[PDB]
Amino acid sequence: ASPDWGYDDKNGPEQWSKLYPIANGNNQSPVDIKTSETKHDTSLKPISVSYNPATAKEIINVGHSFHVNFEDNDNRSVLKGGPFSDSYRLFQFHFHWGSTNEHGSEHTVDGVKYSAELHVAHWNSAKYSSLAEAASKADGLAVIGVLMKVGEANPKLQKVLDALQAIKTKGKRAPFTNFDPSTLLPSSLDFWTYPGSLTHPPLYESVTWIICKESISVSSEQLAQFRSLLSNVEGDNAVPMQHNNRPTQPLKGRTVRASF
Ligand SMILES: [Hg+2]
Ligand SMILES: [Hg+2]
Ligand SMILES: [Hg+2]
Ligand SMILES: [Hg+2]
Ligand SMILES: [Hg+2]
Ligand SMILES: [Zn+2]
């Protein structure tokens with residue numbers, strides 16, 4: 001705690017190791033996805049998501065970004081299949097973006113950086129008691145990643161953007177209800193998967209990543225709305241959340257599997 005990690009030139013991605021030595025681990029995320037080197041695994045099942053909109057509960061400004069939190073006391077909203085034998089409980093969705101509208105994703109494909117990224121995170125309810133315990137275990141979390149390509153406005157995002165007006169500053173929160181994050185996912189069921197980590201402190205190597213093969217659109221004015229939120233508390237001078245995307249890390253011999 002007493003966290004002074006951010007994305008600035010002084011507390012940014014290239015300084016994290018000073019305080020989080022795992023930052024130089026062997027299973028760090030994100031990574032670049034070389035489609036010439038992926039490996040077709042025929043045991044991969046089709047991913048299946050089953051979310052209850054009644055479980056959406058709040059939206060909050062965390063300073064470096066904003067999170068949409070879900071009620072995780074039940075198995076009412078879960079993800080199964082893909083490479084898993086158990087079910088993962090949904091707890092949140094959030095986004096990553098850059099200071100420019102063309103280069104802001106976390107994962108890259110064939111060395112190409114997209115405009116932004118959606119992350120829909122889940123924890124292993126079949127193996128651990130709470131999110132807190134699982135967060136640091138190897139099979140603890142499962143995150144779905146969807147690359148966002150700048151283009152035509154994405155109507156599906158509207159409810160999330162309208163909501164932003166109530167969480168302008170750090171630590172504000174607001175009720176966010178009746179919403180199914182599966183409405184945000186692309187049609188396609190194909191994907192890439194690899195073992196990695198959290199893309200920001202504490203950087204635990206506890207995530208089994210699911211990268212969707214199809215990207216979704218977003219427009220420049222949509223992205224400018226993200227960039228307009230502030231990281232300061234209310235009453236202070238305005239500091240815009242300009243970017244929150246970490247650089248891709250070395251594979252260190254991990255294998256990216258593909259469902260196709
Ligand atoms: Hg994608
Ligand atoms: Hg879908
Ligand atoms: Hg899918
Ligand atoms: Hg997907
Ligand atoms: Hg997918
Ligand atoms: Zn994320």
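Residue numbers run from 1 in the order of the sequence given.
The distance from atom CD of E106 to atom OG1 of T248, rounded to the nearest 0.5 Å, is 10.5 Å. To the nearest 0.5 Å, the span separating CG on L19 from CG on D4 amounts to 8.5 Å. Note that CG of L198 and CD of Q28 are 9.0 Å apart. Values are rounded to the nearest 0.5 Å. Here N61 contributes atom CG and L230 contributes atom CG; the two are 7.5 Å apart, rounded to the nearest 0.5 Å. The CG atom of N232 sits 9.0 Å away from atom CE of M241, with the distance rounded to the nearest 0.5 Å. With values rounded to the nearest 0.5 angstrom, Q92 atom CD is found 11.0 Å from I59 atom CD1.
Not a single donor-acceptor pair under 3.5 Å links the side chain of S48 to the backbone N or O of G81. At least one donor-acceptor pair closer than 3.5 Å links the side chain of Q222 to the backbone N or O of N154. Although no hydrogens or angles enter the test, the distance criterion places no donor-acceptor pair under 3.5 Å between the side chain of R254 and the main chain of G196. Checked by atom type and distance alone, the side chain of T38 never pairs as donor or acceptor with a backbone atom of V256 at under 3.5 Å. Side-chain atoms of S206 come within 3.5 Å of backbone atoms of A135 as a donor-acceptor pair (strictly under, hydrogens ignored). Not a single donor-acceptor pair under 3.5 Å links the side chain of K113 to the backbone N or O of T108. Remark: side-chain polar atoms of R246 are paired, donor with acceptor, to backbone N or O of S29 under 3.5 angstrom. Put simply, the side chain of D180 gets close to the backbone of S182: a donor and an acceptor are under 3.5 Å apart. A donor-acceptor pair is defined here as one N or O able to donate and one able to accept, closer than 3.5 Å; no such pair exists between the side chain of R257 and the backbone of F191. A donor-acceptor pair is defined here as one N or O able to donate and one able to accept, closer than 3.5 Å; no such pair exists between the side chain of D110 and the backbone of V112.
Remark: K159 fails to qualify as a cation-pi partner of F179 under the 6.0 Å distance and 45° angle criteria applied to the six-membered ring.
Linking ILVMFWY residues whenever their side-chain heavy atoms come closer than 4.5 Å, directly or via other members, places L189 and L79 in the same cluster. Cluster membership check: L251 shares its hydrophobic cluster with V109, using side-chain heavy-atom separations under 4.5 Å among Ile, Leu, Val, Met, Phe, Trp and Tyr. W97 and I211 are not part of a single hydrophobic cluster, where members link through side-chain heavy atoms under 4.5 Å apart. Under the 4.5 Å side-chain heavy-atom criterion for grouping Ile, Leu, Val, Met, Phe, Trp and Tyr, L164 is not connected to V62 through any hydrophobic cluster. A continuous path of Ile, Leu, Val, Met, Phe, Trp and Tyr side chains, each step under 4.5 Å between heavy atoms, connects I47 with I216, placing both in one hydrophobic cluster.
Aromatic ring pairs are classed by plane angle as parallel below 30°, tilted from 30° to 60° and perpendicular above 60°; the pair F93 and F70 is tilted. Between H200 and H96, the angle of the ring planes lies from 30° to 60°, which puts this pair in the tilted group. The aromatic rings of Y7 and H64 lie tilted to each other, with the angle between the two planes from 30° to 60°.
Shown here are the ring pair (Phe, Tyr, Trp, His ring centres under 6.0 Å) partners of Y20, two or more places apart in sequence or in another chain: there are none. For the side-chain hydrogen bond (donor to acceptor under 3.5 Å, both in side chains) test, residues two or more places apart in sequence or in another chain that qualify with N124 are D86, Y88.
Contact annotation: the side chain of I33 never approaches that of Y194 to less than 4.5 Å [non-hydrogen atoms, C-beta and beyond]. Here the side chains of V68 and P181 are not in contact, with every heavy-atom distance at 4.5 Å or above. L203 places none of its side-chain heavy atoms less than 4.5 Å from the side chain of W5. Looking at heavy atoms from C-beta onward, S125 lies out of side-chain contact with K127 at the 4.5 angstrom threshold. Looking at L185 and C212, their side chains never come closer than 4.5 Å, going by heavy atoms from C-beta outward.
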Using side-chain contact (heavy atoms from CB on, under 4.5 Å), reason through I144 and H122 one step at a time and then give a plain yes or no.
CA-CA 8 Å; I144 292 158; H122 317 75; 3.8 Å; yes
Run the numbers on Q165 and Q225 for side-chain contact (heavy atoms from CB on, under 4.5 Å), then give the verdict.
CA-CA 10 Å; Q165 340 310 324; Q225 283 187 260; 4.1 Å; yes
CA sep, side-chain torsions, deciding dist, call: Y51, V120, side-chain contact (heavy atoms from CB on, under 4.5 Å)
CA-CA 11 Å; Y51 304 147; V120 183; 3.9 Å; yes
Checking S87 against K80 for the side-chain hydrogen bond (donor to acceptor under 3.5 Å, both in side chains) test, could you report, in this order, the C-alpha distance in whole Å, the side-chain angles of both residues, the deciding distance, and whether it holds?
CA-CA 5 Å; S87 90; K80 23 203 183 344; over 6 Å; no
Please evaluate residues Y128 and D139 with respect to the criterion side-chain contact (heavy atoms from CB on, under 4.5 Å), reporting the C-alpha separation (whole Å), side-chain torsions for both, the decisive distance (0.1 Å), and the verdict.
CA-CA 10 Å; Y128 305 112; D139 54 346; 2.5 Å; yes
For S220 and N101, what are the C-alpha separation, side-chain angles and deciding distance, and is it a side-chain hydrogen bond (donor to acceptor under 3.5 Å, both in side chains)?
CA-CA 6 Å; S220 69; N101 296 317; 4.5 Å; no
ring-ring contact (aromatic ring centres under 6.0 Å, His included) between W209 and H107: does it pass, once the steps are laid out?
CA-CA 10 Å; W209 282 95; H107 282 90; 4.9 Å; yes
If you apply the rule salt bridge (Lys or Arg N to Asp or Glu O under 4.0 Å), what do you find for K34 with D32, and how did you get there?
CA-CA 6 Å; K34 289 151 177 101; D32 174 50; 3.2 Å; yes
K213 vs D190, salt bridge (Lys or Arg N to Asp or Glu O under 4.0 Å): CA-CA, chis, key distance, verdict
CA-CA 6 Å; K213 195 180 85 87; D190 289 312; 5.8 Å; no
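Counting all heavy atoms, side chain and backbone alike, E214 lies closest to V146 at O-CG1, 4.1 Å. The minimum heavy-atom distance between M148 and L118, with the atom names listed, is SD-N, 4.1 Å. Nearest approach of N11 to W16, heavy atoms of both residues: O-NE1, 3.0 Å. Residues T55 and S77 share a closest heavy-atom pair of OG1-OG, 3.0 Å. The shortest heavy-atom contact between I210 and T193 is CD1-OG1, 3.5 Å. Nearest heavy-atom pair, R89 versus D72, reported as atom, atom and distance to 0.1 Å: NH1-O, 3.2 Å.
Residue-environment remark: CD (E234) stays at or below the threshold of 12 foreign heavy atoms within 6.0 Å. Counting heavy-atom neighbours within 6.0 Å of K149 NZ, excluding the residue itself, gives a total of 12 or less. Crowding of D9 atom CG: a count of heavy atoms from other residues, nucleotides or ligands under 6.0 Å not exceeding 12.
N27 pairs with exactly one of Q249, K252, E205 by the side chain to side chain contact (heavy atoms under 4.5 Å, CB included) rule, that one being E205.
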